[PDB]
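Participant:
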Amino acid sequence: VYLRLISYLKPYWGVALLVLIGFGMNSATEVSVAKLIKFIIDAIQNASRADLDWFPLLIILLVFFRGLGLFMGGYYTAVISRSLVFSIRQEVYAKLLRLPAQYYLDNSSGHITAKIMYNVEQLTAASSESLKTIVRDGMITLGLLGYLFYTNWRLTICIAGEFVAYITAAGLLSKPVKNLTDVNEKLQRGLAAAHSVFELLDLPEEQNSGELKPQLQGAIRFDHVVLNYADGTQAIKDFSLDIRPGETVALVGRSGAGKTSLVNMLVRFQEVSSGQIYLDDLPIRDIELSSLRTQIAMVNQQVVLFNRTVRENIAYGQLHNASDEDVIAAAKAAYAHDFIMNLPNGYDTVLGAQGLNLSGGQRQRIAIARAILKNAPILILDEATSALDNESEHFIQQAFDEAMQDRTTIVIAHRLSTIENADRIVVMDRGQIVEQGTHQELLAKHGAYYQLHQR
Amino acid sequence: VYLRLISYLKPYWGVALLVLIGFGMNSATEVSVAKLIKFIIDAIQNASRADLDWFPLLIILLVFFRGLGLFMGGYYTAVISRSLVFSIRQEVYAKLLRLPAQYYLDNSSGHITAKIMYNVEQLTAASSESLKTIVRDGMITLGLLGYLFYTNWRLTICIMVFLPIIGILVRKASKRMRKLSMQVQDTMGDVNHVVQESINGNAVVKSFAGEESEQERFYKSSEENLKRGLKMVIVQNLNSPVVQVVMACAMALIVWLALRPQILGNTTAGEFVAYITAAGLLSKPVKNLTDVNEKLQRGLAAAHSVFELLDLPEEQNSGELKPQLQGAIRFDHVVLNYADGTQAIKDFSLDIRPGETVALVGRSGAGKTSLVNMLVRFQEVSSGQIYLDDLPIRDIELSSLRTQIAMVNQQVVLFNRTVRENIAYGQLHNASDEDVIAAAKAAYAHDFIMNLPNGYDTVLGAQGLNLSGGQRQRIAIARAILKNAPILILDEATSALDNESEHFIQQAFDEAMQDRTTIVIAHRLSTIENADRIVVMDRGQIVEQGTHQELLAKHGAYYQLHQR
Ligand SMILES: O=C(Nc1sc2c(c1C(=O)O)CCCC2)c1ccc(Cl)cc1
Ligand SMILES: O=C(Nc1sc2c(c1C(=O)O)CCCC2)c1ccc(Cl)cc1
């Protein structure tokens with residue numbers, strides 16, 4: 007699988023010609039050591055005083071050239087290694103963002119952060135070390151073998276100062292050739308990790324089949340929403356979900372319902388392959404992933420706040436449109452300004468300490484404030500998992516109602532009172548909808564009354 | 007770090023003496039190379055003819071000794087490094103459990119365990135390479151320098167002048183490298199946290215956001231890390247050449263007056279060549295000895311693993327006793343209040359019978375699962391005494407209390423190594439492989455592991471193997487069975503409702519339920535039906551426990567049974 011690794015280095019053939027020069031000069035020095043040792047024998051035998059006294063300059067020059075070659079070769083191998091690991095890390099992160107997010111369910115965050123970081127370092131370290139040692143090995147072996155073949159010709163039968280030079284140049288093969296038989300160890304160690312990252316380097320991908328920029332419709336119509344849980348069994352049976360613009364409809368489901376799974380289909384998450392979502396001649400890929408994500412803003416019950424400055428969390432989805440007046444209006448709309456402004460100054464709160472500054476209620480209020488400030492054409496409200504009782508429970512409920520009244524919203528039945536206050540209520544049990552129309556008919560039938568009393 | 011690391015191979019006194027001899031005899035041969043070339047020069051200069059017979063035998067014997075010494079030394083240092091790393095892994099595995107409730111609860115051990123294992127493996131590689139290099143190169147350098155002293159004692163200016171400057175230069179370089187490694191580690195932590203909080207926050211980034219902002223933030227952090235690393239490796243790859251040049255300059259200087267005219271070393275012409283050669287033999291080993299500085303000091307700096315266990319309090323387990331199989335972990339009038347939050351369980355006196363199946367019925371995220379998991383030091387529980395088997399649980403040691411209890415969690419029990427190491431017990435010698443395999447054969451997960459690759463003949467536990475949630479849950483169940491703990495806690499929500507091995511999983515669970523007491527929280531109707539006795543708790547408090555017939559008779563419990 008190492009073949010594709012060369013493509014990531016193909017940017018760097020301009021600098022890869024310097025490491026060859028460096029290790030070539032290193033090999034030249036490690037061959038010329040034999041030249042020097044042969045030189046001294048003849049100098050002593052013939053008592054050639056001039057070069058004999060000149061010898062220390064030869065030693066210093068040889069070691070300096072060896073050092074320069076090793077320095078530049080090693081540094082440029084390091085540059086290749088670091089730039090390669092940076093490029094691989096950036097590309098794998100870019101792809102890992104796009105993936106359809108079912109990978110996130112079964113694969114925990116710990117495994118992903120272990121992979122994307124340690125695995126790539128292991129791969130690049132093994133590859134760089136193997137390449138460095140194989141280049142050094144090959145070039146020194148070529149130089150020394152040429153030096154041997156220059157004098158004593160053949161050596162296959164076994165397998275004055277000139278004799279000394281030959282035996283030295285033959286002995287020098289010892290450590291390089293020992294590296295030769297050891298490269299495969301590092302290569303296989305790198306192989307053990309390469310498949311883990313390179314397989315994820317493609318690992319399928321989510322795309323924008325519709326490829327339509329315009330998505331300011333505000334109307335959603337879903338027909339026969341049937342999804343099979345990992346192709347083993349249907350999560351929810353067929354149901355018709357037609358939502359008119361502006362109007363808000365409340366959805367109530369029994370135990371085992373898709374709930375967040377059903378809503379996520381409307382947000383281009385876990386797209387329903389078995390479905391008939393067609394509104395105003397728009398297919399399942401109505402506009403695009405980015406367009407459908409921007410036009411519809413959800414309020415997740417999990418409520419996750421990034422460990423960054425409050426400036427970053429205030430305008431995550433609207434970076435250019437970051438306005439102080441808009442942020443103030445959002446803080447007024449949802450009763451969260453007091454919680455943010457109590458501990459820090461407020462303009463730049465800089466949330467930190469692993470979220471210890473703000474409690475869970477303040478975090479939920481901040482999430483609701485961000486959802487309100489999104490002001491998307493369509494919103495999905497889901498707060499069932501949140502605690503019913505809170506210090507600012509009434510304020511949070513009022514903020515949620517104000518956000519729902521802004522545009523079209525389909526509730527996830529966070530509270531029984533909220534569902535009752537909703538004008539339109541639709542109930543689907545086990546994937547089958549038995550309640551429809553005005554809430555007066557449902558109240559008269561009392562079908563949802565028992566569920567509300569139980570919950 | 008060195009002081010504590012030394013005490014980890016010190017008890018292995020027997021294996022220590024048998025690794026040094028190989029590198030010592032290697033150094034002896036390497037030194038004898040100079041004596042050999044001294045032999046050759048005077049053999050060629052004079053009319054000696056027996057050299058034609060001496061030389062091949064001497065070369066063959068030297069090669070044989072070098073090969074034998076290197077092989078023996080490498081194998082023995084490999085086994086020593088492996089044993090040391092196994093000891094580190096055993097110590098961290100024992101001490102991973104019971105490090106405060108907040109530390110385990112907040113991080114959920116999903117990333118902490120991975121970070122710890124990564125640090126341990128980095129220390130593994132660094133220690134192995136550094137130890138091999140330091141021992142071999144030190145022995146060869148000391149032996150060769152001893153030869154230098156023996157050959158010409160009066161030549162001592164090489165020790166003088168330059169060598170202290172070389173030493174202080176090396177120390178300064180090491181200090182500067184540590185300074186750069188500090189910033190490298192800082193950027194490492196920053197980018198790690200950015201990536202982790204991006205992973206946990208995919209819902210927000212896809213709901214109302216664009217990936218480009220997060221991509222730019224990650225790009226900035228990664229480029230800063232790149233620049234710091236390039237500066238660090240500038241320092242690294244520049245350290246060795248300059249020290250090589252300065253020491254070689256010192257050697258040339260001492261040779262110059264050692265080769266001064268009208269002395270010529272009394273015109274020996276054989277000893278001087280041997281000395282020059284032996285001095286040249288220093289080049290590569292000393293270069294390796296300088297280069298190992300980076301690896302060793304990077305390992306030391308990354309050795310925060312040796313510090314994580316050094317900082318841990320344990321005061322509750324002051325009973326100085328281990329009840330082992332208590333048989334009943336019960337709490338009377340147990341009420342625990344979270345910090346800056348309402349109490350999850352109030353006026354709860356739940357008790358666990360010996361060997362009786364117990365389950366918790368409640369909504370997702372309710373207090374039932376929290377109360378069930380509260381047995382293993384989930385909360386301080388300062389208010390409200392809890393006594394198990396008519397004795398407070400603080401008497402038992404924290405390690406003993408944790409080990410005696412068993413929990414089912416695929417994420418927590420997931421070793422990033424081969425499946426054989428995945429079911430590794432407390433001790434290597436305590437648990438025989440054959441018995442563990444036979445016991446785990448009841449779980450019927452042996453076929454699932456064997457179908458993908460071969461854990462016995464090849465490394466297992468890859469991404470594909472870990473992606474199977476059912477396989478991971480079955481492996482954890484098998485490990486718990488091999489533990490033979492008195493109390494077992496399991497979650498049926500993680501397990502797939504419908505699967506090919508669902509019937510086998512249900513049969514294995516039914517078989518295991520009779521063996522030992524289970525307080526497993528069951529989210530599946532199959533386990534509820536298999537449960538003879540069920541505990542129903544509302545808002546963290548259980549009014550009473552009734553049988554299946556009693557639950558069916560009561561309308562409120564019948565509705566819950568019909569729902570799930
Ligand atoms: O003669 C040998 N090796 C030499 S001679 C010399 C040097 C070396 C070396 O170890 O690189 C270093 C530079 C100065 C002169 C040798 C001969 C036979 C074997 Cl079976 C192994 C080694
Ligand atoms: O003595 C050293 N280097 C020499 S002197 C010499 C030679 C070499 C060599 O590079 O092998 C080759 C044969 C002729 C004379 C030396 C000593 C200490 C260090 Cl830290 C590094 C190098």
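From first to last, the protein sequence lines stand for chains B and A.
Those letters in the first sequence? Residues 7 to 165, 275 to 570, by the authors' numbering.
Those letters in the second sequence? Residues 7 to 570, by the authors' numbering.
From the three backbone atoms N, C-alpha and C, an ideal C-beta is built for every residue, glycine too.
1) Between A:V292 and A:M253, how many whole angstroms is the CB-CB distance? I'm expecting something under 8 Å.
2) For A:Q108, count neighbouring Cβ atoms within 10 angstroms of its own Cβ and tell me buried if that reaches 16, exposed if not.
3) Measure from the alpha carbon of B:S13 to the alpha carbon of each residue in B:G73, B:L90, B:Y82, then state which is nearest.
4) Do you know how far the Cα of A:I481 is from the Cα of A:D521?
5) Establish whether the CB of A:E203 and some CB of chain B are separated by less than 8 Å.
6) For B:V37, verify whether its CB is less than 7 Å away from any heavy atom of ligand 1.
7) What does the alpha-carbon distance come out to for the pair A:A179 and A:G173?
8) According to the Cβ coordinates, are A:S213 and B:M413 closer than 8 Å?
9) Which one or two residues does DSSP pair with A:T375 in a beta bridge?
10) How long is the line joining the alpha carbons of A:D112 and A:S376, rounded to whole angstroms?
11) Suppose only complete runs of 3+ residues qualify. What are the beta strand (DSSP E) ranges in the stretch 397-478 of chain B, listed by chain order?
12) Taking any heavy atom of ligand 2 as the mark, which residues have a C-beta closer than 6 Å to it, listed down the chain?
13) Mark A:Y81 as exposed unless 16 or more other C-beta atoms lie within 10 angstroms of its C-beta, in which case mark it buried.
14) Please look up how many angstroms separate the CB atoms of A:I527 and A:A372, rounded, as I've assumed it's under 8 Å.
15) Report the option in B:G276, B:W19, B:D317, B:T409 whose CA atom is closest to the CA atom of B:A100.
16) Drop a sphere of 10 angstroms on the beta-carbon of B:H568, count the other beta-carbons inside from all chains shown, and report buried for 16 or more, exposed for fewer.
17) Using the Cβ count rule (16 or more neighbours within 10 Å means buried), how would you classify A:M188?
18) Quick one: is A:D504 near chain B, going by C-beta distance under 8 Å?
19) Can we say the stretch 481-494 of chain A touches the stretch 513-520 of chain A, given the rule of at least three CB pairs closer than 8 Å?
20) B:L58: which of B:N323, B:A132, B:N294, B:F45 sits nearest, CA to CA?
21) If you drop the 5 nearest sequence neighbours on each side, which residues of the same chain put their C-beta closer than 6 Å to that of A:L488?
22) If the cut is a Cβ gap below 7 Å, which residues of chain B does A:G207 touch?
23) What's the C-alpha gap between A:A350 and A:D544?
24) With a threshold of 16 other CB atoms inside 10 Å of the CB of A:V249, please say whether the residue is buried or exposed.
25) Which whole runs of the beta strand (DSSP E) in the stretch 296-353 of chain B are 3 residues long or more, in chain order?
26) For B:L366, which residues in chain A fall below 9 Å Cβ to Cβ?
27) Compute every distance between the C-beta of A:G467 and the non-hydrogen atoms of ligand 3, then say whether any falls below 7 Å.
28) Closer than 8 Å is the cut-off here; do at least three beta carbon pairs connect the stretch 258-267 of chain A with the stretch 303-313 of chain A?
29) To the nearest angstrom, how far is the alpha carbon of B:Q547 from that of A:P106?
30) Exposed or buried, which one is B:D401 when buried takes at least 16 other CB atoms within 10 Å?
31) Grab me the residues of A:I540's own chain with a C-beta within less than 6 Å of its C-beta, minus the 5 sequence neighbours each way, in chain order.
32) Can you list the residues of chain B that A:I282 reaches, using a CB-CB cut of under 7 Å?
33) Less than 8 Å between the C-beta atoms of B:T533 and B:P492, yes or no?
34) Who pairs with B:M543 in a beta bridge, going by DSSP?
35) Can you tell which of A:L327, A:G562, A:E36, A:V211 has the C-alpha that lies nearest to the C-alpha of A:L151?
36) On the criterion of 16 or more Cβ atoms from any shown chain inside 10 Å, does A:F155 qualify as buried, or is it exposed?
Facilitator: Working from what's here:
1) About 7 Å separates the beta carbon of A:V292 from that of A:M253, a gap short enough to meet the 8 Å contact definition.
2) Counting Cβ neighbours within 10 Å, A:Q108 comes out exposed, since fewer than 16 surround it.
3) The shortest C-alpha to C-alpha distance from B:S13 to any of B:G73, B:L90, B:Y82 is the one to B:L90.
4) Whole-angstrom Cα-Cα distance: 18 Å.
5) Using a CB distance cut-off of 8 Å, A:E203 counts as an interface residue toward chain B.
6) No heavy atom of ligand 1 is found nearer than 7 Å to the CB of B:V37.
7) The straight-line gap separating the alpha-carbon atoms of A:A179 and A:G173 is approximately 10 Å.
8) It is a contact, given that the beta carbons lie within the stated cut-off.
9) DSSP, once it has assigned bridges, lists no residue as partnering A:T375.
10) Going from the Cα of A:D112 to the Cα of A:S376 covers about 14 Å.
11) For the stretch 397-478 of chain B, whole beta strand (DSSP E) runs of length 3 or above, ordered along the chain, are 411-414.
12) Listed along the chain, these residues meet the criterion: B:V39, B:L42, B:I43, B:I65, B:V69, A:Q250, A:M253, A:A254, A:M257, A:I282, A:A285, A:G286, A:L288, A:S289, A:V292.
13) Looking at its Cβ environment, which holds fewer than 16 other Cβ atoms inside 10 Å, A:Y81 is exposed.
14) Contact flag wrong, Cβ pair sits at about 10 Å.
15) Comparing Cα-Cα distances from B:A100 to each of B:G276, B:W19, B:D317, B:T409, the minimum goes to B:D317.
16) With fewer than 16 other CB atoms across the displayed protein chains lying within 10 angstroms of its CB, B:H568 is exposed.
17) It counts as exposed.
18) Under the Cβ criterion of 8 Å, A:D504 is counted among the residues facing chain B.
19) Yes: at least three Cβ pairs fall under 8 Å.
20) Nearest option by C-alpha distance: B:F45.
21) The answer, listed in chain order, is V442, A445.
22) Going along chain B in sequence order, the residues near A:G207 (Cβ under 7 Å) are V419, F421.
23) If I take the Cα positions, the gap works out to 11 Å.
24) Flag for A:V249 reads buried.
25) Correct list: 335-338, 342-344, 348-351.
26) None at all; the shortest Cβ gap to chain A is about 18 Å.
27) Ligand 3 is not part of the structure shown, which contains ligand 1 and ligand 2 as its ligands.
28) Of all C-beta pairs linking the stretch 258-267 of chain A to the stretch 303-313 of chain A, fewer than three are shorter than 8 Å, placing the two stretches out of contact.
29) Whole-angstrom Cα-Cα distance: 48 Å.
30) Per the 10 Å Cβ criterion, buried.
31) Closer than 6 Å at the Cβ level, and outside the excluded window around A:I540, lie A365.
32) Residues of chain B with a Cβ closer than 7 Å to the Cβ of A:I282 are, in chain order, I46.
33) Inclusion of B:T533 and B:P492 in the CB contact set at 8 Å is not warranted, their separation being larger than that value.
34) In the DSSP output, where bridge partners are listed per residue, B:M543 has B:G368, B:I548.
35) Distances from the alpha-carbon of A:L151 to those of A:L327, A:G562, A:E36, A:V211 put A:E36 closest.
36) Answer is exposed; the Cβ neighbour count stays below 16.
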